[PDB]
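Asker: Handing you this structure, nothing more for now.
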Amino acid sequence: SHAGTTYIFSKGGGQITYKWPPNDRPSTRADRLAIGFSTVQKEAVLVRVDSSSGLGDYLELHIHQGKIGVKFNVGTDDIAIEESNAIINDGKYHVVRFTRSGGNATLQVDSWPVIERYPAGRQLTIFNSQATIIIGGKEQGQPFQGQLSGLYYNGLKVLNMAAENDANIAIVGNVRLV
Amino acid sequence: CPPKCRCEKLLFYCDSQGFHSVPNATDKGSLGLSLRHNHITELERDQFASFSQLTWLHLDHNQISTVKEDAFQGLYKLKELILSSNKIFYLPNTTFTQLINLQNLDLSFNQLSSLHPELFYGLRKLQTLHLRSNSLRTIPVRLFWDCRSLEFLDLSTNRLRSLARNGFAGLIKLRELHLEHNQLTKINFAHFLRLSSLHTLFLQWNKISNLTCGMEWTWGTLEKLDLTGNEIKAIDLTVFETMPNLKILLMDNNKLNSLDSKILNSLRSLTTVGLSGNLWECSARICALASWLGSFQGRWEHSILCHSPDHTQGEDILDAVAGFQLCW
Ligand SMILES: *[C@@H]1O[C@H](CO[C@@H]2O[C@@H](C)[C@@H](O)[C@@H](O)[C@@H]2O)[C@@H](O[C@@H]2O[C@H](CO)[C@@H](O)[C@H](O)[C@H]2NC(C)=O)[C@H](O)[C@H]1NC(C)=O
Ligand SMILES: *[C@@H]1O[C@H](CO)[C@@H](O)[C@H](O)[C@H]1NC(C)=O
Ligand SMILES: *[C@@H]1O[C@H](CO)[C@@H](O)[C@H](O)[C@H]1NC(C)=O
Ligand SMILES: *[C@@H]1O[C@H](CO)[C@@H](O)[C@H](O)[C@H]1NC(C)=O
Ligand SMILES: [Ca+2]
Ligand SMILES: [Zn+2]
C-alpha cells in the first residue's frame with residue numbers, strides 16, 4: 001500500500017537533486033525528514049542534504065545491513081541513529097521519520113516503537129546553509145534501487161516538486177516517474 | 001453655552017464639529033476647553049481672552065498653520081496645552097512666555113523645523129514637554145535654561161544631526177529623555193553632564209557609530225540605557241565606568257564585534273542586558289563575554305548568537321564556545 005508520487009530507481013543508479021537559490025540557502029535549528037520507500041537492498045544511500053561550499057554540516061539517510069539509519073553533523077562532530085531492532089529491506093512500503101532538534105535526534109520506522117536519541121552535554125544546534133538535497137545516493141557510491149514516495153523535508157515535498165518539473169530540479173540517471 | 005458645544009460643567013467639550021475658529025462664549029468663566037478634530041487653521045491674537053480661567057486647553061488634530069503673537073495671552077491659570085497633530089511650523093518667541101503655570105505642553109506631530117532660543121523661557125512649572133515627530137535639525141543651547149522642574153522631555157522622531165556640548169543647561173530635574181529615531185552619529189556622554197537626575201535615556205534607532213566619554217564623571221542616577229538598532233562598532237573603555245548604577249542596557253541590532261573585558265567589568269550592576277543581532281566574531285576574543293555570561297546573574301530576553309566565522313553562525317555563544325574549544 002504505497003500510493004503517492006513515486007520514482008523508480010532501477011539498476012545503473014539514479015539521482016534526484018534540488019538546488020536552492022544561492023542567497024536563500026536556509027539554516028535550521030530543527031529538521032523534519034519523512035520519506036516513503038520500498039527496497040530489497042542490503043546497502044544504500046537514500047537522501048543526503050549537504051551544506052554550501054566550505055561547510056562540513058550534513059544530513060544523510062541510509063540503509064546499512066538492511067537497517068535504516070541517519071547520520072548528521074552540525075559542524076563539529078558526527079551523530080548517528082539507527083533502527084537496529086529490525087529490518088526494512090523486505091520490499092514492502094515503509095515510512096521512516098527523522099527529527100532533529102539541535103543535537104537531539106529521532107527516528108521512527110512506520111508503526112514501530114519510536115527511537116529517541118539524546119547527545120550528552122551541550123551540542124551545536126545549527127545545520128548551516130543547506131545547498132542541495134541529493135536523492136539517490138549515486139555520488140556516495142551506494143546508489144539506491146527501489147521506489148521512493150512522499151518525501152518531506154522541512155515543509156518541502158521534494159519528489160512532488162520534481163513531478164512538477166520545478167526549474168531548480170535536476171533529474172539524472174535511470175529514474176522514472178511512475 | 002456656545003452653539004454646537006456640549007458642556008458637562010465649566011468644562012467645554014467642542015470636539016469633532018466643523019469649527020474653523022474659536023467660538024465666542026456666553027460664559028467666560030470656563031475652566032477647560034476642548035477643540036479636537038475640528039478644522040481650525042489660524043489662532044488669532046487674544047483668541048482665548050474670554051477664557052481667562054482656563055486650566056487646560058486641547059487644540060489637537062486641527063490644521064493650525066499660523067499662530068499670531070500673543071495668541072494665548074491672559075491664560076495665567078493654564079497648566080495643560082495640547083497642540084499636537086497640526087501644521088505648525090513657526091512660533092513667535094513670546095508665544096508661551098506669558099503662560100507661567102504651564103505644566104504639560106504638547107507640540108508633537110507638527111512641522112517645526114527650528115525653535116526660538118527663548119521660546120520656553122519662564123516655564124518653571126513645566127513638568128512634561130512633547131516635541132515628538134517634528135523636523136527639528138538642531139536645538140538651541142539655551143532653550144531649556146528656565147525649565148527647572150521639567151522631568152520628561154520627548155525629542156524622538158526628528159532630524160537631529162548631533163548634540164550640543166551644553167544644550168541641556170537647566171534640566172537639573174529631568175528624569176526621562178527621549179532621543180530615539182533621530183539621526184545621531186556619535187555619542188559623547190560628557191554632553192549629558194548637566195542632566196544629573198536622569199534615570200532613563202532612549203537613544204535607539206539613530207545612526208550611532210561611536211561611544212566615547214570625553215570628561216571623566218559619575219552619572220549615579222542613570223539606570224536604563226536603550227541603544228537598540230544603531231550601528232555601534234566601537235566603545236571607549238570608560239563609557240560604562242560613568243554609569244555605576246546602570247541596570248538595564250540594551251544594545252541589540254548593532255554592529256558590535258566583541259567586547260573588551262575592561263568594558264564588561266564595569267557592567268556588573270546590570271539586571272537586564274541585550275546583545276542579540278550583533279556581528280559577533282566567535283573566536284577566543286569572545287571569552288570575555290562568554291565568561292561574563294557564566295558569571296552573570298541578571299536576565300537577557302533574547303538568545304545571543306554568533307555571526308562569524310560562518311560555521312558558527314546562528315549558534316548561541318556558549319554552545320559555540322564549548323562546542324569549538326575556543327577558550328580555556
Ligand atoms: C535536546 O534534548 C535535551 C535533553 O532532552 C531531555 O531528556 C529526555 C530524558 C526528555 O525528558 C526530554 O524531554 C528532555 O528535554 C534538551 O535539554 C533539556 O531541555 C529541557 C527543556 O528545555 C530542560 O528542561 C532540561 O533541563 C534540558 N536538559 C539538559 C541536560 O540540558 C534540549 O532542550 C534539546 N535541544 C533542542 C534543540 O531541542
Ligand atoms: C466675537 O468676537 C469678535 C472679537 O474677537 C467680535 O468682533 C465679534 O463681534 C464677536 N461675535 C459675537 C457674536 O459675539
Ligand atoms: C523676540 O524676538 C526678537 C527678535 O526679533 C528679540 O530681539 C526679542 O528680544 C525677543 N523677545 C523676547 C521677549 O524674547
Ligand atoms: C569612530 O571611531 C572610529 C575608530 O575608533 C573612527 O575610525 C571613526 O572615524 C569614528 N567616527 C567618527 C564619526 O569620528
Ligand atoms: Ca552548521
Ligand atoms: Zn471645515
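Within each chain, counting starts at residue 1; across the C-alpha cells, chains are named A, B, ... in the order shown, with ligands numbered 1 upward in that order.
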Distance cut-off 12 Å, counting only C-alpha atoms - which residues of chain A neighbour chain B? Return them as a VMD selection string.

Answerer: chain A and resid 26 to 29 51 to 57 73 to 77 102 to 103 120 to 130

Asker: Please identify the alpha helix (DSSP H) residues within region 3-174 of chain A (assignment by DSSP from backbone atoms) and present them as a PyMOL selection string.

Answerer: chain A and resi 158-162

Asker: Near region 83-98 of chain A, counting only C-alpha atoms, which residues have an atom at most 8 Å away, once you skip same-chain residues fewer than 3 positions from it, shown as a VMD selection string?

Answerer: chain A and resid 1 to 2 31 to 42 66 to 70 105 to 110 115

Asker: At a cut-off of 12 Å and counting only C-alpha atoms and all ligand atoms, what residues surround ligand 6? Please answer as a ChimeraX atom specification.

Answerer: /B:16-21,37-41,62-63

Asker: At what distance in Å, to one decimal, does CA of residue 173 (chain B) lie from CA of residue 158 (chain B)?

Answerer: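 CA of residue 158 (chain B) sits 23.4 Å away from CA of residue 173 (chain B).
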
Asker: May I ask for the distance between CA of residue 133 (chain A) and CA of residue 30 (chain A), given in Å to one decimal place?

Answerer: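 A separation of 16.3 Å between them.
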
Asker: What gap, in Å, lies between CA of residue 261 (chain B) and CA of residue 295 (chain B)?

Answerer: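 Going from CA of residue 261 (chain B) over to CA of residue 295 (chain B) covers 12.7 Å.
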
Asker: Using only C-alpha atoms and all ligand atoms, I'd like a table of the residues in chain B that come within 7 Å of ligand 3; for each, show the closest atom pair and its distance in Å rounded to one decimal, ordered by chain and ascending number, as JSON lines.

Answerer:
{"residue": "B:93", "atom": "CA", "partner": "ligand 3", "partner_atom_place_in_ligand_line": "1 (C)", "distance": 5.0}
{"residue": "B:94", "atom": "CA", "partner": "ligand 3", "partner_atom_place_in_ligand_line": "13 (C)", "distance": 5.5}
{"residue": "B:118", "atom": "CA", "partner": "ligand 3", "partner_atom_place_in_ligand_line": "14 (O)", "distance": 5.4}

Asker: For residue 213 (chain B), find every residue with an atom within 8 Å (counting only C-alpha atoms), except residues of its own chain fewer than 6 positions away, and show them as a list in words.

Answerer: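 Listed by chain and then number, they are residues 188, 189, 190, 236, 238 and 239 of chain B.
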
Asker: Next, the residues of the selection above should be written as a PDB file, in the first residue's frame with N, CA, C and O atoms.

Answerer:
ATOM      1  N   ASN B 188      28.887  61.326  22.790  1.00  0.00           N
ATOM      2  CA  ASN B 188      29.855  61.678  23.813  1.00  0.00           C
ATOM      3  C   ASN B 188      29.113  61.957  25.107  1.00  0.00           C
ATOM      4  O   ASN B 188      28.548  63.033  25.286  1.00  0.00           O
ATOM      5  N   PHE B 189      29.128  60.983  26.008  1.00  0.00           N
ATOM      6  CA  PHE B 189      28.296  61.025  27.207  1.00  0.00           C
ATOM      7  C   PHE B 189      28.621  62.183  28.149  1.00  0.00           C
ATOM      8  O   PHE B 189      27.879  62.442  29.097  1.00  0.00           O
ATOM      9  N   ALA B 190      29.722  62.878  27.885  1.00  0.00           N
ATOM     10  CA  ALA B 190      30.044  64.104  28.606  1.00  0.00           C
ATOM     11  C   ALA B 190      29.043  65.208  28.259  1.00  0.00           C
ATOM     12  O   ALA B 190      28.921  66.196  28.983  1.00  0.00           O
ATOM     13  N   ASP B 236      34.508  53.277  23.777  1.00  0.00           N
ATOM     14  CA  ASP B 236      35.624  53.655  24.638  1.00  0.00           C
ATOM     15  C   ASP B 236      35.540  52.905  25.964  1.00  0.00           C
ATOM     16  O   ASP B 236      34.454  52.700  26.504  1.00  0.00           O
ATOM     17  N   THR B 238      35.821  53.388  28.938  1.00  0.00           N
ATOM     18  CA  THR B 238      35.434  54.038  30.184  1.00  0.00           C
ATOM     19  C   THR B 238      34.027  54.626  30.165  1.00  0.00           C
ATOM     20  O   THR B 238      33.647  55.337  31.095  1.00  0.00           O
ATOM     21  N   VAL B 239      33.255  54.342  29.122  1.00  0.00           N
ATOM     22  CA  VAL B 239      31.930  54.948  28.997  1.00  0.00           C
ATOM     23  C   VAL B 239      30.939  54.332  29.981  1.00  0.00           C
ATOM     24  O   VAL B 239      29.899  54.920  30.269  1.00  0.00           O
TER      25      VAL B 239
END

Asker: Which of these, A:100, A:8, A:160, A:176, has the shortest distance to ligand 1 once you count only C-alpha atoms and all ligand atoms?

Answerer: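 The answer is A:100, which sits nearest to ligand 1.
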
Asker: Would you kindly return, as a ChimeraX atom specification, each protein, DNA or RNA residue with an atom no farther than 9 Å from any atom of residue 113 (chain B), considering only C-alpha atoms and excluding same-chain residues fewer than 3 positions away?

Answerer: /B:89-90,134-138,159
